[PDB]
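Chains as they are written, first to last, in the deposited numbering: chain m, 408 to 458; chain P, 408 to 458; chain A, 205 to 407; chain q, 256 to 356.
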């Protein structure tokens, strides 16, 4: 009952299955700060292993 | 009248003349394992049963 | 007068009434699952599909979602008598340590490094009886994903857990009473004194 | 010593020749163990067999060639086929300067 053609964004229903999120590895901080649009969201590893 | 190729177990007719299961006895422990498809289930002597 | 009465019968609901030997279901060219009515329950064996040559990742990616979340107290029984108590947050770790994996071909959990260590869960799943171990399993969190066979990359392996689910004969009747192309079969009498009974797949 | 590693093992043994716990077996590179010894190496709730002849990593998973012995570990650890490894715990650290070819 799943669909491959149409996916869902984190907050919405987008056909684009891949987002290409941009993260920056904060040098001397070892924290993958967000870069794309959140601009320093300080990404953490989720419970399923994704960023 | 004896069926050469057909025998009976304790319950019903079977084509097996002898079950012939193999039991392994632990050395450092008195318990005896099963050297068969059970493969490690501890063997016990039942109430008036053989094993 | 010559009346020819038909006798079309022996559907699933009546054959299961007289059943003590094994039961099986199978659809088209797909995998076949067998059952056995014991003590009012069927000992169904959930055998994960094999369908693999050298692409071992298929079985790992099929068995991972069965426990695809961060858990703990996993039981890793590889080799012969491993019996670990392992935590997994996406990475295989034993309590207070890292719990690497090494010894390719033998594939033991090498929590002491041996210059070729990986220390990750998916490598463990490919490692534990899925490639180069026999009669091994992953326990913990109430399951035992035993390995019926190992993948020499020519002979095909399979991870299996005997869930003992599907046991109720009422559920067995319902599922075999309506499927796709699943033409099942039951041997339901003395091994000397029986035969096999299939049915129409869809009813 | 030539091939008689047992001399070195039995010289190390009296320095810790008693049943104790919380031993630190750091073999290979990053073992960092917390194990117990009562005449036989084991970690809490397991057996901690020895594996990988020539590499000599202590692991509870059997590989059909396991021994799980403190003497076997001591002969193995940095004394037969390991370098820059140590037997810690109990406020000592027997680092291995050289291995036995």
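Heads up, the beta-carbon is just placed ideally off N, CA and C, and yes, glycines get one too.
For the 8 Å CB-CB criterion, residue 320 of chain A and residue 216 of chain A do not form a contact. By the CB criterion at 8 Å, residue 326 of chain q and residue 264 of chain q fall inside the cutoff.
Of all residues in the segment 272–284 of chain A, the ones placed with a Cβ closer than 9 Å to any Cβ belonging to chain q are 280, 281, 282, 283 and 284, in chain order. Ranking q/316, q/272 and q/309 by CA distance to the CA of residue 295 of chain q puts q/272 first.
In chain order, 306 place their CB closer than 6 Å to the CB of residue 318 of chain A, counting only its own chain and leaving out the 5 sequence neighbours on each side.
A buried status is given to residue 314 of chain A, since no fewer than 16 other beta-carbon atoms sit within 10 Å of its beta-carbon. Going by C-alpha positions, residue 303 of chain q is about 8 Å away from residue 290 of chain q.
The contact set of residue 456 of chain m on chain A, defined by CB atoms closer than 7 Å, consists of 294 in chain order. Residue contact with chain q for residue 211 of chain A: absent (no Cβ-Cβ distance below 8 Å to any residue of chain q). The segment 264–321 of chain A is shown to contain whole beta strand (DSSP E) runs of 3 or more residues at 275–281, 290–292 and 296–298, in chain order. Under the three-state reduction of DSSP output, residue 412 of chain m falls in the coil class, being neither helix nor strand. 413, 419, 420, 421, 422 and 446: these are the residues of the segment 413–447 of chain P whose beta carbon lies less than 8 Å from some beta carbon of chain A, given in chain order.
Inter-residue distance for residue 328 of chain A and residue 309 of chain A is about 13 Å (C-alpha atoms, whole angstroms). Residue-level contact by beta carbon fails for residue 344 of chain q and chain A, as no gap is shorter than 8 Å. Three or more beta-carbon pairs drawn from the segment 385–394 of chain A and the segment 226–235 of chain A are found closer than 8 Å, and the two stretches are therefore classed as touching.
Collapsing the DSSP output to three states places residue 262 of chain A in a helix. Across the structure, residue 423 of chain m and residue 409 of chain m are spaced so that their CA atoms are roughly 16 Å apart. Residue environment analysis places residue 281 of chain q among the buried positions, since at least 16 neighbouring C-beta atoms fall within 10 angstroms of its C-beta.
Taking the CA atoms as reference points, residue 220 of chain A sits about 42 Å from residue 433 of chain P. Contact between residue 345 of chain q and residue 275 of chain q holds: CB atoms are separated by about 6 Å, below the 8 Å threshold.
Pairwise C-beta distances place the segment 250–267 of chain A in contact with the segment 351–363 of chain A, as three or more of them are shorter than 8 Å. Looking from the CA of residue 442 of chain m, the closest CA among m/453, m/419 and m/430 belongs to m/430.
About 5 Å separates the CB atoms of residue 357 of chain A and residue 258 of chain A; that is less than 8 Å, so the two are in contact. Boundaries of the alpha helix (DSSP H) around residue 328 of chain q: 325–331. Close to residue 363 of chain A, with beta-carbon spacing below 8 Å, lies no residue of chain P; the smallest spacing is near 17 Å. In the three-state reduction of the DSSP assignment, residue 429 of chain P falls in the coil class. In the structure shown, the three-state DSSP call for residue 256 of chain A is coil.
Looking only at A/245, A/391 and A/383, the smallest Cα-Cα distance to residue 407 of chain A is reached by A/383. Residues of the same chain with a CB within less than 6 Å of the CB of residue 377 of chain A, apart from the 5 flanking positions on each side, are 216, 217 and 220 in chain order. With a 10 Å radius around the Cβ and a threshold of 16 neighbouring Cβ atoms, residue 354 of chain A comes out buried.
DSSP places residue 230 of chain A within a strand segment (E or B) once states are collapsed to three. The beta carbon of residue 447 of chain m lies closer than 8 Å to those of 440 and 441 in the same chain, with the five residues before and after it left out. A direct Cα-to-Cα measurement between residue 301 of chain A and residue 437 of chain P gives close to 35 Å.
Residue environment: residue 435 of chain P is assigned as exposed (fewer than 16 neighbouring CB atoms within 10 Å of its CB, all protein chains considered).
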